[PDB]
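J.: Model the following, please.
(chains A, B, C, D, E, F, G, H, I, J, K, L, M, N, O, P, Q, R, S and T)
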Protein chains: 20
Amino acid sequence: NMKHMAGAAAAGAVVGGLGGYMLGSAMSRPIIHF
Amino acid sequence: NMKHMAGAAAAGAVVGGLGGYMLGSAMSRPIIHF
Amino acid sequence: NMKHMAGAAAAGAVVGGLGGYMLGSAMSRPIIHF
Amino acid sequence: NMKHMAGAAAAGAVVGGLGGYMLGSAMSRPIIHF
Amino acid sequence: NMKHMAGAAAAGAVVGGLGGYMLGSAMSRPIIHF
Amino acid sequence: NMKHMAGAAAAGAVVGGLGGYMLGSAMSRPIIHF
Amino acid sequence: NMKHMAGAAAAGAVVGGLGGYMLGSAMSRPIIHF
Amino acid sequence: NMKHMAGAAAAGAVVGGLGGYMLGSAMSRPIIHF
Amino acid sequence: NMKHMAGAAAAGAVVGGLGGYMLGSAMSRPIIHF
Amino acid sequence: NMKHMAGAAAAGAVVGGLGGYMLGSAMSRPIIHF
Amino acid sequence: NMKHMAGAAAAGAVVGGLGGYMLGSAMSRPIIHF
Amino acid sequence: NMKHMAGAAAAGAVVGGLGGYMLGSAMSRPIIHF
Amino acid sequence: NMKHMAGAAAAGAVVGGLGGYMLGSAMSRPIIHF
Amino acid sequence: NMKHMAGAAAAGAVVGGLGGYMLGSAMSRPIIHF
Amino acid sequence: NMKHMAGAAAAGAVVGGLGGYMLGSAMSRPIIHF
Amino acid sequence: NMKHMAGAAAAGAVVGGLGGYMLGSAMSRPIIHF
Amino acid sequence: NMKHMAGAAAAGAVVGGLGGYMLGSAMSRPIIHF
Amino acid sequence: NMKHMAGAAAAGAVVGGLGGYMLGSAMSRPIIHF
Amino acid sequence: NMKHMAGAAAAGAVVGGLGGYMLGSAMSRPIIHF
Amino acid sequence: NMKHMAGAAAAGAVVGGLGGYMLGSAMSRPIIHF
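T.: Residues are numbered from 1 along each chain as shown, chains lettered A, B, ... in the order given. Here you go, the structure:
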């Protein structure tokens, strides 16, 4: 059997974001002019 | 069998966002002018 | 069988947002002028 | 002056949670028995 | 002066939760038995 | 003056959580028995 | 003046969490028994 | 059997983001003009 | 003046977490028994 | 059997990001003009 | 076991106040004009 | 075992206040005009 | 074992205040005009 | 004339005791045996 | 004239005791045996 | 005239004790045996 | 074993404040105009 | 005239004790046997 | 074993403050105009 | 006129004690036997 503990489980203060889950692609073409 | 504990379960203070779940793609074309 | 505990279950203070669930795509074309 | 753009402003699909804002402390004593 | 844009303003689809605002503390003592 | 762009602003698909903001402390004493 | 671009701004797909902001301390005493 | 503990489980203060999970590709063509 | 670009700005797919920001200390006394 | 402990488990203050998990490729063609 | 003696126990004349116990935060914005 | 004696225990005349116990934060913005 | 004696225990006249105990942060922005 | 402001006046959260006022003496002969 | 501001006036969180006021003497003869 | 500001006035978090005021003498003869 | 004696224990007249205990951070931005 | 600012006024976090005020003498004859 | 004697233990007249204990950081930006 | 700023005024974190004020003498005859 399996006993799995992951993420931020039982943490003390989860003040950062947690990871998402993306099943698909990213096409990115930003254009930045300073 | 499986015993799974994940996310921010049993946390102390989940002040950051949690991860979403996206099943699909992202096409992104931002244009930033400072 | 499965025993699953996730999200912010049993948390202490869930002051951040929780993750949504999006089954579909995002087309994004913002234009920012400072 | 200040021009500030933050958070998930102008995003394309904000499917994850956003960050909260906690002004105070977290005392956490979870006990997990698998 | 200040021009501030934050949160999920002008977003495309805010399907995740947004962050709350907690001014106070969290004492948490969950007990999980699988 | 200041022109600031941060967070996940103008992103394409923010499927992970964003960072919270915690002004206070975390005392954490989890006890895990597998 | 200042032109600052940080975080995951203008990213293509921010599927990991973003960093929080903690102004305070962490006292941690986990006890793990496998 | 397996006893697995990962992520930021049982942490003291998870103020950085956690890792997402991307099953798909990234095509990126940013153009930056200072 | 200053033109600063940092973090995972303009990235292609930010699937790892980003760095938080902790202004305070960490006292840690974990006890692990395999 | 296996007893595995990894990531930033039982850490004291995880203020850096954690590693994501990417199953797919990266094609990158940035163009930077200072 | 523990034998604890604290506060003003067994004192001779407790004419000052004793300490309270506040589990939560204080936001204070007094304005004093002499 | 532990034998602990603290506070103003067994004192002779506790005419000053004793220390409280605050588990949470203080945000303070006084404005004094003489 | 431990024999601990602290605070103003067994003192003769505790006319000053005793120390509190704050588990959390202080943000302070006073403005004084003489 | 006199304008006097003292004590914990206008405070934000007075969780410690305040000082008493003792006009008289203290004779103290505690005997502590651990 | 006089404008006096003292004590913990206008403070943000007075979690320590405040000073008393003793007009008289202290004779102290504790005897501690560990 | 006089404008006086002292003590822990306008402080951010007064978690230590404040000073008392003793107008009289202290005769002290402790005897400590470890 | 340990025999510890600290603070102002067994003192003769503790007319100054005692030290507090702060587990968290201080951000301070006073502005003083004489 | 006089504008005086002293003590821990306008401080950020006064976690140490403040000074008392003793107008009188101290006769001290401790006897310590280790 | 250990026999420890510290602080202002067994003192004759502790009219100065005692040291606090701060586990966390201080960010300070005072601005003084005479 | 006089503009005086002293003590730990406007400090960032006053975790040490502050100085008292003793107007009188100290006669001290400790006897230490190790």
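J.: Quick check: closest non-adjacent residue to the residue in chain A positioned nearest to chain N.
T.: Nearest residue of chain A to chain N (Cβ to the nearest Cβ) works out as residue A:13 at 21.3 Å. Just so you know, the C-beta spots here come from the backbone N, C-alpha and C atoms, and that holds for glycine as well. The shortest distance from residue A:13 to any residue other than its chain neighbours is 3.5 Å, reached at residue F:26 (Cβ to Cβ, 6 or more residues apart in numbering or on different chains).
J.: my read: that neighbour touches residue A:12, true?
T.: Yes - shown here, residue F:26 and residue A:12 form a contact pair, counting by Cβ atoms under 8 Å, at 4.1 Å.
J.: Quick check: neighbours shared by the two?
T.: The contact sets of residue F:26 and residue A:12 overlap at B:12-13, D:26, D:28, G:26, G:28, H:12-13 (Cβ atoms under 8 Å, 6 or more residues apart in numbering or on different chains).
J.: Of these, just say which sits nearest to residue Q:20.
T.: Distance to residue Q:20 across the shared contacts of residue F:26 and residue A:12 (Cβ to Cβ) is lowest for residue G:26, with 19.2 Å.
J.: show me the contacts for the closest one.
T.: When the contact criterion is Cβ under 8 Å, 6+ apart, the partners of residue G:26 are A:12-13, F:25-28, H:12-13, I:22, I:24-28, J:12-13.
J.: how close does it sit to residue P:2?
T.: Distance, residue G:26 to residue P:2, using Cβ to Cβ, to the nearest Å: 45 Å.
J.: cool, residue A:7 as well?
T.: For residue A:7, the distance to residue P:2 (Cβ to Cβ) stands at 60 Å.
J.: go on, residue A:23?
T.: Computed as Cβ to Cβ, the residue A:23 to residue P:2 distance reads 72 Å.
J.: So which of these two has more stuff around it?
T.: Between residue A:23 and residue P:2, counted using other Cβ atoms under 10 Å in any protein chain shown, the more crowded position is residue A:23 (17 against 14).
J.: Isn't that one up against residue H:24?
T.: Yes - counting by Cβ under 8 Å, residue H:24 is a contact partner of residue A:23 at 6.6 Å.
J.: tell me the contacts of residue A:3?
T.: Contacts of residue A:3 (Cβ under 8 Å, 6+ apart): B:3, D:34, F:34, H:1-4.
J.: same question, residue A:30
T.: Residue A:30 makes contact with B:28-32, F:10, G:10-12, H:30-31, I:10, according to Cβ under 8 Å, 6+ apart.
J.: Next: residue A:10.
T.: Residue A:10 sits next to B:5, B:9-11, D:28, D:30, D:32, F:30, F:32, G:30, H:9-10 when contact means Cβ under 8 Å, 6+ apart.
J.: With residue A:33 instead?
T.: For residue A:33, the contacting residues are B:32-34, H:33, by Cβ under 8 Å, 6+ apart.
J.: would TSV of the residues you listed with secondary structure and distance to residue H:18 be doable?
T.: TSV is the format used below for the contacts of residue A:33 (DSSP: H, G, I helix; E, B strand; the rest coil; distance: Cβ to Cβ, whole Å):
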residue	secondary structure	distance to residue H:18
B:32	strand	27
B:33	strand	33
B:34	coil	31
H:33	strand	33
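J.: I'm done for today, thanks for sticking with me.
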